[PDB]
$ cat structure-v1.csv   # CSV, C-alpha atoms
chain,number,residue,atom,x,y,z
A,401,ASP,CA,-19.8,-35.3,-24.8
A,402,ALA,CA,-18.5,-35.2,-28.4
A,403,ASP,CA,-22.0,-36.2,-29.5
A,404,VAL,CA,-23.4,-33.0,-27.8
A,405,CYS,CA,-20.7,-30.5,-28.8
A,406,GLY,CA,-20.5,-31.9,-32.3
A,407,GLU,CA,-24.4,-31.5,-32.7
A,408,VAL,CA,-24.2,-27.9,-31.4
A,409,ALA,CA,-21.2,-27.2,-33.8
A,410,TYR,CA,-23.2,-28.7,-36.7
A,411,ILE,CA,-26.4,-26.5,-36.0
A,412,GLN,CA,-24.1,-23.4,-35.6
A,413,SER,CA,-22.5,-24.1,-39.1
A,414,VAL,CA,-25.9,-24.5,-40.8
A,415,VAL,CA,-27.5,-21.3,-39.1
A,416,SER,CA,-24.4,-19.2,-39.9
A,417,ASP,CA,-24.6,-20.2,-43.6
A,418,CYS,CA,-28.2,-18.9,-43.9
A,419,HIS,CA,-27.0,-15.3,-43.0
A,420,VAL,CA,-30.3,-14.8,-41.2
A,421,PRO,CA,-30.3,-13.6,-37.6
A,422,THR,CA,-30.9,-16.6,-35.2
A,423,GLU,CA,-34.0,-14.9,-33.6
A,424,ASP,CA,-35.6,-14.6,-37.1
A,425,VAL,CA,-34.9,-18.3,-37.8
A,426,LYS,CA,-36.6,-19.2,-34.4
A,427,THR,CA,-39.6,-16.8,-35.0
A,428,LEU,CA,-40.2,-18.1,-38.7
A,429,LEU,CA,-40.0,-21.8,-37.6
A,430,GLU,CA,-42.4,-21.0,-34.7
A,431,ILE,CA,-44.9,-19.5,-37.2
A,432,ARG,CA,-44.7,-22.5,-39.6
A,433,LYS,CA,-45.2,-24.9,-36.6
A,434,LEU,CA,-48.2,-22.9,-35.3
A,435,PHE,CA,-49.8,-23.0,-38.8
A,436,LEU,CA,-49.3,-26.8,-39.2
A,437,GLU,CA,-50.6,-27.4,-35.6
A,438,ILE,CA,-53.8,-25.5,-36.5
A,439,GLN,CA,-54.2,-27.7,-39.6
A,440,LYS,CA,-53.7,-30.9,-37.6
A,441,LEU,CA,-56.3,-29.7,-34.9
A,442,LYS,CA,-58.9,-29.0,-37.7
A,443,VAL,CA,-58.4,-32.5,-39.2
A,444,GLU,CA,-58.6,-34.2,-35.8
A,445,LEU,CA,-61.9,-32.2,-35.0
A,446,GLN,CA,-63.6,-33.2,-38.3
B,402,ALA,CA,-26.8,-37.5,-5.5
B,403,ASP,CA,-29.0,-38.2,-8.6
B,404,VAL,CA,-30.4,-34.6,-9.3
B,405,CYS,CA,-27.2,-32.7,-8.3
B,406,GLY,CA,-25.1,-35.3,-10.1
B,407,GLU,CA,-27.2,-34.9,-13.3
B,408,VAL,CA,-26.9,-31.1,-13.2
B,409,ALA,CA,-23.1,-31.3,-12.6
B,410,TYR,CA,-22.8,-33.7,-15.6
B,411,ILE,CA,-24.7,-31.4,-18.0
B,412,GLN,CA,-22.6,-28.4,-16.7
B,413,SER,CA,-19.3,-30.4,-17.6
B,414,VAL,CA,-20.6,-31.2,-21.1
B,415,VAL,CA,-21.9,-27.6,-21.8
B,416,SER,CA,-18.6,-26.1,-20.5
B,417,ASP,CA,-16.5,-28.4,-22.8
B,418,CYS,CA,-18.4,-27.1,-25.9
B,419,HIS,CA,-16.9,-23.5,-25.2
B,420,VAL,CA,-20.2,-22.1,-26.5
B,421,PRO,CA,-22.3,-19.6,-24.4
B,422,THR,CA,-25.2,-21.6,-22.6
B,423,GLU,CA,-27.9,-19.4,-24.2
B,424,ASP,CA,-26.5,-20.2,-27.6
B,425,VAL,CA,-26.6,-24.0,-26.9
B,426,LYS,CA,-30.3,-23.5,-25.8
B,427,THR,CA,-31.2,-21.4,-28.9
B,428,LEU,CA,-29.5,-23.8,-31.4
B,429,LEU,CA,-31.1,-26.9,-29.9
B,430,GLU,CA,-34.5,-25.1,-29.9
B,431,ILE,CA,-34.1,-24.3,-33.7
B,432,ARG,CA,-33.2,-28.0,-34.4
B,433,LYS,CA,-36.2,-29.2,-32.4
B,434,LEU,CA,-38.6,-26.7,-34.2
B,435,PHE,CA,-37.3,-27.9,-37.6
B,436,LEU,CA,-37.8,-31.7,-36.7
B,437,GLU,CA,-41.3,-30.9,-35.2
B,438,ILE,CA,-42.3,-29.3,-38.5
B,439,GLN,CA,-41.2,-32.5,-40.4
B,440,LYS,CA,-43.1,-34.7,-37.8
B,441,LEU,CA,-46.3,-32.6,-38.2
B,442,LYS,CA,-46.1,-33.0,-42.0
B,443,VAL,CA,-45.8,-36.8,-41.7
B,444,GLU,CA,-48.7,-36.9,-39.2
B,445,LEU,CA,-50.9,-34.8,-41.5
B,446,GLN,CA,-50.3,-37.1,-44.5
B,447,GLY,CA,-50.8,-40.2,-42.2
B,448,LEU,CA,-54.1,-38.9,-40.9
B,449,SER,CA,-55.4,-38.1,-44.4
B,450,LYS,CA,-54.4,-41.6,-45.7
B,451,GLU,CA,-55.7,-43.4,-42.6
B,452,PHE,CA,-59.1,-41.6,-43.1
B,453,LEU,CA,-59.2,-42.6,-46.8
B,454,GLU,CA,-58.3,-46.3,-46.1
B,455,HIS,CA,-61.1,-46.5,-43.4
B,456,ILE,CA,-63.6,-45.3,-46.2
B,457,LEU,CA,-62.3,-47.5,-49.0
B,458,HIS,CA,-62.2,-50.6,-46.8
B,459,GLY,CA,-64.8,-50.3,-44.0
C,402,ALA,CA,-48.9,-30.9,3.9
C,403,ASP,CA,-48.8,-32.4,0.3
C,404,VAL,CA,-48.0,-29.2,-1.7
C,405,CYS,CA,-45.9,-27.4,1.0
C,406,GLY,CA,-44.0,-30.6,1.7
C,407,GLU,CA,-43.2,-31.1,-2.0
C,408,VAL,CA,-41.9,-27.5,-2.4
C,409,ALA,CA,-39.8,-27.8,0.8
C,410,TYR,CA,-38.3,-31.2,-0.5
C,411,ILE,CA,-37.4,-29.7,-4.0
C,412,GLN,CA,-35.9,-26.6,-2.2
C,413,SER,CA,-33.6,-28.9,-0.1
C,414,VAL,CA,-32.4,-30.9,-3.2
C,415,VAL,CA,-31.7,-27.7,-5.2
C,416,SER,CA,-29.9,-26.0,-2.3
C,417,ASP,CA,-27.7,-29.2,-1.9
C,418,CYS,CA,-26.5,-28.8,-5.6
C,419,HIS,CA,-24.8,-25.4,-4.6
C,420,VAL,CA,-25.7,-24.1,-8.1
C,421,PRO,CA,-28.0,-21.1,-8.6
C,422,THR,CA,-31.7,-22.2,-9.3
C,423,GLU,CA,-31.8,-20.5,-12.7
C,424,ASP,CA,-28.7,-22.5,-13.8
C,425,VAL,CA,-30.3,-25.8,-12.6
C,426,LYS,CA,-33.4,-24.9,-14.7
C,427,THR,CA,-31.3,-23.9,-17.8
C,428,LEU,CA,-29.1,-27.0,-17.7
C,429,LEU,CA,-32.2,-29.4,-17.3
C,430,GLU,CA,-33.9,-27.5,-20.2
C,431,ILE,CA,-30.8,-28.2,-22.4
C,432,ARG,CA,-30.7,-31.9,-21.5
C,433,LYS,CA,-34.5,-32.2,-22.2
C,434,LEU,CA,-34.1,-30.4,-25.6
C,435,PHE,CA,-31.1,-32.8,-26.6
C,436,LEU,CA,-33.2,-35.9,-25.7
C,437,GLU,CA,-36.3,-34.7,-27.5
C,438,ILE,CA,-34.2,-34.1,-30.7
C,439,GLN,CA,-32.8,-37.7,-30.5
C,440,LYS,CA,-36.4,-39.1,-30.0
C,441,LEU,CA,-37.7,-37.0,-33.0
C,442,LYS,CA,-34.8,-38.3,-35.2
C,443,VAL,CA,-35.7,-42.0,-34.3
C,444,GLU,CA,-39.4,-41.4,-34.9
C,445,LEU,CA,-38.7,-39.8,-38.3
C,446,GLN,CA,-36.1,-42.3,-39.5
C,447,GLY,CA,-37.9,-45.4,-38.2
D,404,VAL,CA,-63.5,-21.6,-11.1
D,405,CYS,CA,-63.4,-18.9,-8.3
D,406,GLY,CA,-63.5,-21.6,-5.6
D,407,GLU,CA,-60.6,-23.5,-7.3
D,408,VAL,CA,-58.5,-20.3,-7.5
D,409,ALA,CA,-59.3,-19.4,-3.8
D,410,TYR,CA,-58.3,-22.9,-2.7
D,411,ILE,CA,-54.9,-22.8,-4.6
D,412,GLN,CA,-54.3,-19.3,-3.1
D,413,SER,CA,-54.9,-20.7,0.5
D,414,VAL,CA,-52.5,-23.6,0.0
D,415,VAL,CA,-49.7,-21.4,-1.6
D,416,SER,CA,-50.1,-18.7,1.2
D,417,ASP,CA,-49.7,-21.5,3.9
D,418,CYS,CA,-46.3,-22.6,2.4
D,419,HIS,CA,-44.8,-19.1,3.3
D,420,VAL,CA,-42.7,-19.4,0.1
D,421,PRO,CA,-43.0,-16.6,-2.7
D,422,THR,CA,-45.3,-17.7,-5.5
D,423,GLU,CA,-42.6,-17.3,-8.2
D,424,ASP,CA,-40.3,-19.7,-6.2
D,425,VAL,CA,-43.1,-22.3,-5.9
D,426,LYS,CA,-43.6,-22.1,-9.7
D,427,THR,CA,-39.8,-22.4,-10.4
D,428,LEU,CA,-39.2,-25.3,-8.0
D,429,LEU,CA,-42.2,-27.3,-9.5
D,430,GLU,CA,-40.9,-26.5,-13.0
D,431,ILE,CA,-37.4,-27.9,-12.0
D,432,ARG,CA,-39.0,-31.1,-10.6
D,433,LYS,CA,-41.1,-31.6,-13.8
D,434,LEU,CA,-38.0,-31.0,-16.0
D,435,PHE,CA,-36.1,-33.7,-14.1
D,436,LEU,CA,-39.0,-36.3,-14.3
D,437,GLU,CA,-39.5,-35.5,-18.0
D,438,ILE,CA,-35.8,-36.3,-18.7
D,439,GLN,CA,-36.3,-39.7,-16.9
D,440,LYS,CA,-39.4,-40.4,-19.0
D,441,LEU,CA,-37.5,-39.4,-22.3
D,442,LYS,CA,-34.6,-41.9,-21.3
D,443,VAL,CA,-37.2,-44.7,-20.8
D,444,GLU,CA,-38.9,-43.9,-24.1
D,445,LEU,CA,-35.5,-43.9,-25.9
D,446,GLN,CA,-34.6,-47.4,-24.6
D,447,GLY,CA,-38.1,-48.5,-25.5
D,448,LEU,CA,-37.7,-47.3,-29.1
D,449,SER,CA,-34.2,-49.0,-29.3
D,450,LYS,CA,-35.8,-52.3,-28.0
D,451,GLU,CA,-38.7,-52.0,-30.6
D,452,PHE,CA,-36.0,-51.5,-33.4
D,453,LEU,CA,-34.1,-54.7,-32.2
D,454,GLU,CA,-37.4,-56.8,-32.0
D,455,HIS,CA,-38.2,-55.8,-35.7
D,456,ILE,CA,-34.7,-57.1,-36.6
D,457,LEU,CA,-34.9,-60.4,-34.5
D,458,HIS,CA,-38.5,-61.2,-35.7
E,403,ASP,CA,-69.0,-17.9,-31.0
E,404,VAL,CA,-65.4,-16.6,-30.4
E,405,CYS,CA,-66.4,-13.1,-29.0
E,406,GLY,CA,-69.2,-14.8,-26.9
E,407,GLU,CA,-66.6,-17.3,-25.5
E,408,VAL,CA,-64.1,-14.4,-24.6
E,409,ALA,CA,-66.9,-12.3,-23.0
E,410,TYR,CA,-68.0,-15.4,-20.9
E,411,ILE,CA,-64.4,-16.1,-19.6
E,412,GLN,CA,-64.1,-12.3,-18.8
E,413,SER,CA,-67.3,-12.4,-16.7
E,414,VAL,CA,-66.1,-15.5,-14.7
E,415,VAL,CA,-62.6,-14.0,-14.1
E,416,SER,CA,-64.1,-10.6,-13.1
E,417,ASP,CA,-66.4,-12.4,-10.6
E,418,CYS,CA,-63.4,-13.9,-8.8
E,419,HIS,CA,-62.1,-10.4,-7.9
E,420,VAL,CA,-58.5,-11.7,-8.3
E,421,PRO,CA,-56.0,-10.0,-10.8
E,422,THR,CA,-55.9,-12.0,-14.1
E,423,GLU,CA,-52.1,-12.6,-13.8
E,424,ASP,CA,-52.7,-14.2,-10.4
E,425,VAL,CA,-55.5,-16.5,-11.8
E,426,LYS,CA,-53.0,-17.6,-14.6
E,427,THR,CA,-50.1,-18.1,-12.1
E,428,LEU,CA,-52.2,-20.1,-9.6
E,429,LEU,CA,-53.7,-22.4,-12.3
E,430,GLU,CA,-50.2,-22.9,-13.7
E,431,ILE,CA,-49.0,-24.1,-10.2
E,432,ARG,CA,-51.9,-26.5,-9.9
E,433,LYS,CA,-51.2,-27.9,-13.4
E,434,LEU,CA,-47.5,-28.3,-12.6
E,435,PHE,CA,-48.3,-30.2,-9.4
E,436,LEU,CA,-50.8,-32.6,-11.2
E,437,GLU,CA,-48.3,-33.2,-14.0
E,438,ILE,CA,-45.6,-34.2,-11.5
E,439,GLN,CA,-48.0,-36.8,-9.9
E,440,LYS,CA,-48.9,-38.2,-13.4
E,441,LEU,CA,-45.1,-38.5,-14.3
E,442,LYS,CA,-44.4,-40.3,-11.0
E,443,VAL,CA,-47.2,-42.9,-11.7
E,444,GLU,CA,-46.1,-43.4,-15.4
E,445,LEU,CA,-42.4,-43.8,-14.4
E,446,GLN,CA,-43.0,-46.6,-11.8
E,447,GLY,CA,-45.6,-48.4,-13.9
F,403,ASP,CA,-54.2,-20.0,-47.9
F,404,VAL,CA,-52.0,-18.7,-45.0
F,405,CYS,CA,-52.7,-14.9,-45.7
F,406,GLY,CA,-56.5,-15.7,-45.9
F,407,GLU,CA,-56.3,-17.5,-42.5
F,408,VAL,CA,-54.4,-14.6,-40.8
F,409,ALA,CA,-56.9,-12.1,-42.3
F,410,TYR,CA,-59.9,-14.2,-41.0
F,411,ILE,CA,-58.5,-14.4,-37.4
F,412,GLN,CA,-57.8,-10.6,-37.6
F,413,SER,CA,-61.4,-9.9,-38.6
F,414,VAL,CA,-62.8,-12.0,-35.7
F,415,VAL,CA,-60.4,-10.5,-33.1
F,416,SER,CA,-61.2,-6.9,-34.3
F,417,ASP,CA,-65.0,-7.6,-34.0
F,418,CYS,CA,-64.7,-8.5,-30.3
F,419,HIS,CA,-63.4,-5.0,-29.5
F,420,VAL,CA,-61.1,-6.6,-26.8
F,421,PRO,CA,-57.3,-6.0,-26.9
F,422,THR,CA,-55.4,-8.9,-28.5
F,423,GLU,CA,-53.3,-9.5,-25.3
F,424,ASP,CA,-56.5,-9.9,-23.2
F,425,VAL,CA,-58.0,-12.4,-25.8
F,426,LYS,CA,-54.8,-14.5,-25.5
F,427,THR,CA,-54.7,-14.3,-21.6
F,428,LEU,CA,-58.4,-15.2,-21.2
F,429,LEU,CA,-58.1,-18.2,-23.7
F,430,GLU,CA,-55.0,-19.3,-21.8
F,431,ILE,CA,-56.9,-19.3,-18.5
F,432,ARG,CA,-59.8,-21.4,-20.0
F,433,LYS,CA,-57.2,-23.8,-21.5
F,434,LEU,CA,-55.4,-24.1,-18.1
F,435,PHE,CA,-58.7,-24.9,-16.3
F,436,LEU,CA,-59.7,-27.6,-18.8
F,437,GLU,CA,-56.2,-29.2,-18.7
F,438,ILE,CA,-56.4,-29.4,-14.9
F,439,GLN,CA,-59.8,-31.3,-15.2
F,440,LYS,CA,-58.2,-33.7,-17.8
F,441,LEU,CA,-55.2,-34.3,-15.5
F,442,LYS,CA,-57.5,-35.1,-12.5
F,443,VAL,CA,-59.4,-37.6,-14.7
F,444,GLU,CA,-56.2,-39.3,-16.0
F,445,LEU,CA,-54.7,-39.4,-12.5
F,446,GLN,CA,-57.8,-41.2,-11.0
F,447,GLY,CA,-57.6,-43.7,-13.9
F,448,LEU,CA,-53.8,-44.3,-13.5
F,449,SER,CA,-54.2,-44.6,-9.7
F,450,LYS,CA,-57.0,-47.2,-10.0
F,451,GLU,CA,-55.0,-49.2,-12.7
F,452,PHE,CA,-51.9,-49.1,-10.4
F,453,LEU,CA,-53.8,-50.4,-7.4
F,454,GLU,CA,-55.4,-53.3,-9.5
F,455,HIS,CA,-52.0,-54.2,-11.0
F,456,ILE,CA,-50.5,-54.5,-7.5
F,457,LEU,CA,-53.5,-56.5,-6.0
F,458,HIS,CA,-53.8,-58.9,-8.9
F,459,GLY,CA,-50.3,-59.2,-10.6
G,402,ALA,CA,-28.8,-26.6,-46.1
G,403,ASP,CA,-32.5,-27.7,-45.6
G,404,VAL,CA,-33.1,-25.2,-42.8
G,405,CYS,CA,-31.8,-22.2,-44.8
G,406,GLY,CA,-34.3,-23.3,-47.5
G,407,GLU,CA,-37.1,-23.8,-45.0
G,408,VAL,CA,-36.5,-20.3,-43.4
G,409,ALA,CA,-36.6,-18.6,-46.9
G,410,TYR,CA,-39.8,-20.5,-47.7
G,411,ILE,CA,-41.6,-19.3,-44.5
G,412,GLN,CA,-40.2,-15.7,-45.1
G,413,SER,CA,-41.6,-15.7,-48.7
G,414,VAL,CA,-45.1,-16.7,-47.4
G,415,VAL,CA,-45.1,-14.2,-44.4
G,416,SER,CA,-43.8,-11.2,-46.6
G,417,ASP,CA,-46.6,-11.8,-49.2
G,418,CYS,CA,-49.3,-11.2,-46.4
G,419,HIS,CA,-47.9,-7.7,-45.6
G,420,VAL,CA,-48.7,-8.2,-41.9
G,421,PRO,CA,-45.9,-7.6,-39.2
G,422,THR,CA,-44.4,-11.0,-38.1
G,423,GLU,CA,-45.3,-10.5,-34.4
G,424,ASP,CA,-49.0,-10.0,-35.4
G,425,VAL,CA,-48.9,-13.2,-37.6
G,426,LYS,CA,-47.5,-15.1,-34.5
G,427,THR,CA,-50.1,-13.6,-32.1
G,428,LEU,CA,-53.1,-14.3,-34.4
G,429,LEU,CA,-52.0,-17.9,-35.0
G,430,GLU,CA,-51.5,-18.4,-31.2
G,431,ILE,CA,-55.1,-17.2,-30.6
G,432,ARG,CA,-56.5,-19.5,-33.3
G,433,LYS,CA,-54.5,-22.5,-31.8
G,434,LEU,CA,-55.7,-21.6,-28.2
G,435,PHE,CA,-59.4,-21.6,-29.5
G,436,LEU,CA,-59.0,-25.0,-31.3
G,437,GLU,CA,-57.1,-26.5,-28.3
G,438,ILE,CA,-60.1,-25.6,-26.0
G,439,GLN,CA,-62.5,-27.4,-28.4
G,440,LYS,CA,-60.2,-30.5,-28.5
G,441,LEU,CA,-60.0,-30.5,-24.7
G,442,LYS,CA,-63.8,-30.5,-24.4
G,443,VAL,CA,-64.0,-33.4,-26.9
G,444,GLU,CA,-61.3,-35.4,-25.0
G,445,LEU,CA,-63.1,-34.7,-21.7
G,446,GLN,CA,-66.5,-36.2,-23.0
G,447,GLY,CA,-64.5,-39.2,-24.4
G,448,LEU,CA,-62.9,-39.9,-21.0
G,449,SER,CA,-66.3,-39.6,-19.2
G,450,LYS,CA,-67.9,-42.0,-21.7
G,451,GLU,CA,-64.9,-44.5,-21.4
G,452,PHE,CA,-65.4,-44.3,-17.5
G,453,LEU,CA,-69.1,-45.1,-17.8
G,454,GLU,CA,-68.4,-48.1,-20.3
G,455,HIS,CA,-66.0,-49.6,-17.7
G,456,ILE,CA,-68.8,-49.4,-15.1
G,457,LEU,CA,-71.5,-50.9,-17.4
G,458,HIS,CA,-69.1,-53.7,-18.7

$ encode --input "structure-v1.csv" --output "structure tokens"
Amino acid sequence: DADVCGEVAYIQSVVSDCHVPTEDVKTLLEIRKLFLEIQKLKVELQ
Amino acid sequence: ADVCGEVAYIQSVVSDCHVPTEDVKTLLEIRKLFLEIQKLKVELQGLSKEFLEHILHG
Amino acid sequence: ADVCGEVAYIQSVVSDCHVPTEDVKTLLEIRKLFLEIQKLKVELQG
Amino acid sequence: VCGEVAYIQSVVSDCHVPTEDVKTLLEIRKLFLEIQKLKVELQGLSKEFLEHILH
Amino acid sequence: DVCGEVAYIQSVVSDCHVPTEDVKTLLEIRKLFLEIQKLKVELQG
Amino acid sequence: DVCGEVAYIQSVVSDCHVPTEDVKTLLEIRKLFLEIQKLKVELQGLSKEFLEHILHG
Amino acid sequence: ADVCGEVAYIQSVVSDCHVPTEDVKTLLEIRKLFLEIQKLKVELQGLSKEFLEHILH
């Protein structure tokens, strides 16, 4: 309820403050996650 | 009763936010991506330390 | 009998919601995302 | 590989339901079950937190 | 290594005489079905 | 080095002379096949464990 | 906040490579798919060995 709407409202405030389009934020975070996942996989394999 | 009741409950919560559904999805996806990056960094330091401890005391 | 019966069962349940299938999928995706965020916060701060 | 694909094709064709509907319906069922698993894991993490406090 | 792996998968897929997008869709349906079974067993246990 | 990693992947993909979207699709099919095998193995293990837990417990 | 800082950090690294963002994403996806196939093969041999050990002991 207020836990869900308050959480969404908080994320919206933070994203708006960056002045970066939301689709760019998502793409850039996806690239960082992919890079870290590749590092973790290499470590696990060795 | 359980599946349809669950969907009806989520719909009530989402409608009360007065935020477009695709925005709610995008914002939660961004928060999840950020937290997953933090967890991956913790797991990487933890694997490196665990491997070193196994070497030093094994 | 196993696969077709499973599909037929899910179809009956979804139809009984009286909500378009793509809305059911979207709403369940939002609930899953919210719960996954809570779990990640607990794992990181504990 | 080819035998596996041919088998899945036979089963899906026998349902007389469009392939994209089969995929969507199975995805909805999986999402519902994953929400239940997440709720169980969250009560489990809360219990683990309480046990750390008590002992 | 990488190119040899890709060339091998291409040979196997071509031998099925099934469009690549259908192979992907059918394997996705099989995986979804098995994942549902695994989730049901984990939830009761 | 992030840029070095990207440049390395680009060199390997270019050398295959296969469109990037085909490389991605073919690797996705191979991954899906192996994941199905792993799920079948896990399900036989869980099924056996369930039966045993019921019979003796 | 911390995400504004994280976003600019990733942008700084990606811009330095002078490769379009969608290419960076695609190339990293291909590398991840390749490594995931290798990990799945290792997990499958481990599950097979674990099954044999349960039989022997």

$ closest_atom_pairs --input "structure-v1.csv" --of "chain E" --to "chain D" --cutoff "6 Å" --atoms "only C-alpha atoms" --output "Markdown table"
| residue | atom | partner | partner_atom | distance |
| --- | --- | --- | --- | --- |
| E:418 | CA | D:405 | CA | 5.0 |
| E:431 | CA | D:426 | CA | 5.8 |
| E:438 | CA | D:433 | CA | 5.7 |

$ atom_distance --input "structure-v1.csv" --atom1 "atom CA of residue C:422" --atom2 "atom CA of residue C:407"
16.3 Å

$ residues_around --input "structure-v1.csv" --residues "stretch 426-443 of chain A" --least-positions-apart "5" --cutoff "10 Å" --atoms "all atoms listed in the file" --output "PDB file with C-alpha atoms, in the coordinates of the input"
ATOM      1  CA  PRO A 421     -30.300 -13.600 -37.600  1.00  0.00           C
TER       2      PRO A 421
ATOM      3  CA  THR B 427     -31.200 -21.400 -28.900  1.00  0.00           C
ATOM      4  CA  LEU B 428     -29.500 -23.800 -31.400  1.00  0.00           C
ATOM      5  CA  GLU B 430     -34.500 -25.100 -29.900  1.00  0.00           C
ATOM      6  CA  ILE B 431     -34.100 -24.300 -33.700  1.00  0.00           C
ATOM      7  CA  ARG B 432     -33.200 -28.000 -34.400  1.00  0.00           C
ATOM      8  CA  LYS B 433     -36.200 -29.200 -32.400  1.00  0.00           C
ATOM      9  CA  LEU B 434     -38.600 -26.700 -34.200  1.00  0.00           C
ATOM     10  CA  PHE B 435     -37.300 -27.900 -37.600  1.00  0.00           C
ATOM     11  CA  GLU B 437     -41.300 -30.900 -35.200  1.00  0.00           C
ATOM     12  CA  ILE B 438     -42.300 -29.300 -38.500  1.00  0.00           C
ATOM     13  CA  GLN B 439     -41.200 -32.500 -40.400  1.00  0.00           C
ATOM     14  CA  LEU B 441     -46.300 -32.600 -38.200  1.00  0.00           C
ATOM     15  CA  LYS B 442     -46.100 -33.000 -42.000  1.00  0.00           C
ATOM     16  CA  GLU B 444     -48.700 -36.900 -39.200  1.00  0.00           C
ATOM     17  CA  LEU B 445     -50.900 -34.800 -41.500  1.00  0.00           C
ATOM     18  CA  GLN B 446     -50.300 -37.100 -44.500  1.00  0.00           C
ATOM     19  CA  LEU B 448     -54.100 -38.900 -40.900  1.00  0.00           C
ATOM     20  CA  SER B 449     -55.400 -38.100 -44.400  1.00  0.00           C
ATOM     21  CA  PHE B 452     -59.100 -41.600 -43.100  1.00  0.00           C
TER      22      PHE B 452
ATOM     23  CA  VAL F 404     -52.000 -18.700 -45.000  1.00  0.00           C
ATOM     24  CA  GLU F 407     -56.300 -17.500 -42.500  1.00  0.00           C
ATOM     25  CA  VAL F 408     -54.400 -14.600 -40.800  1.00  0.00           C
TER      26      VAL F 408
ATOM     27  CA  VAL G 404     -33.100 -25.200 -42.800  1.00  0.00           C
ATOM     28  CA  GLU G 407     -37.100 -23.800 -45.000  1.00  0.00           C
ATOM     29  CA  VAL G 408     -36.500 -20.300 -43.400  1.00  0.00           C
ATOM     30  CA  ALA G 409     -36.600 -18.600 -46.900  1.00  0.00           C
ATOM     31  CA  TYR G 410     -39.800 -20.500 -47.700  1.00  0.00           C
ATOM     32  CA  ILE G 411     -41.600 -19.300 -44.500  1.00  0.00           C
ATOM     33  CA  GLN G 412     -40.200 -15.700 -45.100  1.00  0.00           C
ATOM     34  CA  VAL G 414     -45.100 -16.700 -47.400  1.00  0.00           C
ATOM     35  CA  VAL G 415     -45.100 -14.200 -44.400  1.00  0.00           C
ATOM     36  CA  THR G 422     -44.400 -11.000 -38.100  1.00  0.00           C
ATOM     37  CA  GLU G 423     -45.300 -10.500 -34.400  1.00  0.00           C
ATOM     38  CA  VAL G 425     -48.900 -13.200 -37.600  1.00  0.00           C
ATOM     39  CA  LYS G 426     -47.500 -15.100 -34.500  1.00  0.00           C
ATOM     40  CA  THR G 427     -50.100 -13.600 -32.100  1.00  0.00           C
ATOM     41  CA  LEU G 428     -53.100 -14.300 -34.400  1.00  0.00           C
ATOM     42  CA  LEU G 429     -52.000 -17.900 -35.000  1.00  0.00           C
ATOM     43  CA  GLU G 430     -51.500 -18.400 -31.200  1.00  0.00           C
ATOM     44  CA  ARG G 432     -56.500 -19.500 -33.300  1.00  0.00           C
ATOM     45  CA  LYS G 433     -54.500 -22.500 -31.800  1.00  0.00           C
ATOM     46  CA  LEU G 434     -55.700 -21.600 -28.200  1.00  0.00           C
ATOM     47  CA  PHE G 435     -59.400 -21.600 -29.500  1.00  0.00           C
ATOM     48  CA  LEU G 436     -59.000 -25.000 -31.300  1.00  0.00           C
ATOM     49  CA  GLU G 437     -57.100 -26.500 -28.300  1.00  0.00           C
ATOM     50  CA  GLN G 439     -62.500 -27.400 -28.400  1.00  0.00           C
ATOM     51  CA  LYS G 440     -60.200 -30.500 -28.500  1.00  0.00           C
TER      52      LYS G 440
END

$ residues_around --input "structure-v1.csv" --residues "residue C:435" --least-positions-apart "6" --cutoff "12 Å" --atoms "all atoms listed in the file" --output "VMD selection string"
(chain A and resid 401 403 to 405 407 to 408) or (chain B and resid 411 414 to 415 425 to 433) or (chain C and resid 428 to 429 441 to 442) or (chain D and resid 438 441 to 442 445)

$ atom_distance --input "structure-v1.csv" --atom1 "atom CA of residue F:452" --atom2 "atom CA of residue E:432"
22.6 Å

$ residues_near_point --input "structure-v1.csv" --point "(-29.1, -31.7, -3.7)" --cutoff "9 Å" --atoms "all atoms listed in the file" --output "CSV table (one decimal) with C-alpha atoms, in the frame of the given file"
chain,number,residue,atom,x,y,z
B,402,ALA,CA,-26.8,-37.5,-5.5
B,403,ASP,CA,-29.0,-38.2,-8.6
B,404,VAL,CA,-30.4,-34.6,-9.3
B,405,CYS,CA,-27.2,-32.7,-8.3
B,406,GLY,CA,-25.1,-35.3,-10.1
C,411,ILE,CA,-37.4,-29.7,-4.0
C,412,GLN,CA,-35.9,-26.6,-2.2
C,413,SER,CA,-33.6,-28.9,-0.1
C,414,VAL,CA,-32.4,-30.9,-3.2
C,415,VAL,CA,-31.7,-27.7,-5.2
C,416,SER,CA,-29.9,-26.0,-2.3
C,417,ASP,CA,-27.7,-29.2,-1.9
C,418,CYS,CA,-26.5,-28.8,-5.6
C,419,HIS,CA,-24.8,-25.4,-4.6

$ atom_distance --input "structure-v1.csv" --atom1 "atom CA of residue C:423" --atom2 "atom CA of residue E:422"
25.6 Å

$ residues_around --input "structure-v1.csv" --residues "stretch 403-416 of chain E" --least-positions-apart "6" --cutoff "12 Å" --atoms "all atoms listed in the file" --output "PyMOL selection string"
(chain D and resi 404-408) or (chain E and resi 422-426) or (chain F and resi 411+413-433+435) or (chain G and resi 431-432+434-436+438-439)

$ interface_residues --input "structure-v1.csv" --of "chain C" --to "chain E" --cutoff "10 Å" --atoms "all atoms listed in the file" --output "list in words"
residues 403, 404, 407 and 408 of chain C

$ closest_atom_pairs --input "structure-v1.csv" --of "chain C" --to "chain D" --cutoff "6 Å" --atoms "all atoms listed in the file" --output "JSON lines"
{"residue": "C:405", "atom": "CA", "partner": "D:418", "partner_atom": "CA", "distance": 5.0}
{"residue": "C:426", "atom": "CA", "partner": "D:431", "partner_atom": "CA", "distance": 5.7}
{"residue": "C:433", "atom": "CA", "partner": "D:438", "partner_atom": "CA", "distance": 5.5}

$ write_last_selection --input "structure-v1.csv" --atoms "C-alpha atoms" --output "short mmCIF file (atom, residue, chain, number, x, y, z; two decimals), in the frame of the given file"
data_model
loop_
_atom_site.label_atom_id
_atom_site.label_comp_id
_atom_site.auth_asym_id
_atom_site.auth_seq_id
_atom_site.Cartn_x
_atom_site.Cartn_y
_atom_site.Cartn_z
CA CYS C 405 -45.90 -27.40 1.00
CA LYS C 426 -33.40 -24.90 -14.70
CA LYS C 433 -34.50 -32.20 -22.20
#
